[PDB]
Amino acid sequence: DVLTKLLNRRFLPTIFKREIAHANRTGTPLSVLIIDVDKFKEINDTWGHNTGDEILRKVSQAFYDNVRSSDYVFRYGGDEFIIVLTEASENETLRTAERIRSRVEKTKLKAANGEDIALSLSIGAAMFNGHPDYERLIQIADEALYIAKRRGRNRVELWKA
C-alpha cells in the first residue's frame, strides 16, 4: 500500500525545522512542491471511491519514483500533497515537478465504463530563502499553486517576486 507510506501532515513542522537549520548551515538548496490532483473531487463523485483511491495510489507512486529517500512526501489535504526536496537546485526542482506532472498526465486509468480518465496535476514550487518560518515557504508555494490552478491546471508554477 503506497498510500500507507505518505507522511502525515502533523510532522511538517518538525521536518521543516530540521531541514531549514540544515540548509542554513550547509548552504544547500531546499524546496517545496505543493501538488493538487486536478478534478479529484469531481472524479470521485462521478466514478466513486474505488476509482479515487486508485488515482491516489498512482499519483503517490509517481511521487516516489521521482524523488530520493532524503526527500519527503506528505499528504497535505483531501486532494493535495507536499513534497519537500533537499539538495535540489531551482532547476532540478522544476525538472522534478515536470517529471511528476508528465508521468501523471500519461497515466492510463480506466473508469467503470471503460473510458480513460484524464489525470493531471497542478503544482506550485518555491525555494527556501533562509528565513526561519516554514509557514512562509508553504505560503509562497501555495500562491504559485493557486496561479497554476487559475492558469488552467496541468502545469507547474514557480514562485517569484
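Start at 1 and count along the sequence shown; that's the residue number.
Asker: According to the deposited model, is the average Cα temperature factor higher in 59-67 or in 131-139?
Answerer: According to the PDB entry, the answer is 131-139.
Asker: Decide which of the stretches 44-52 and 120-128 has the higher mean C-alpha B-factor, going by the entry.
Answerer: Per the deposited B-factors, the answer is 44-52.
Asker: Hey, out of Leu109, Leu33, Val37, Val104, whose CA B-factor is highest in the deposited coordinates?
Answerer: In this record, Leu109 carries the highest C-alpha B-factor of the candidates.
Asker: Comparing against every modelled residue in the chain, figure out the third that the C-alpha B-factor of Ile20 lands in (lowest, middle or highest).
Answerer: CA B-factor rank for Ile20: middle third.
Asker: Hey, what third does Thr4 fall into on Cα B-factor, ranked over its chain?
Answerer: Highest third, going by the recorded CA B-factors of the chain.
Asker: According to the PDB entry, is the CA B factor of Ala161 in the bottom, middle or top third of its chain, that is, lowest, middle or highest?
Answerer: Top third by C-alpha B-factor.
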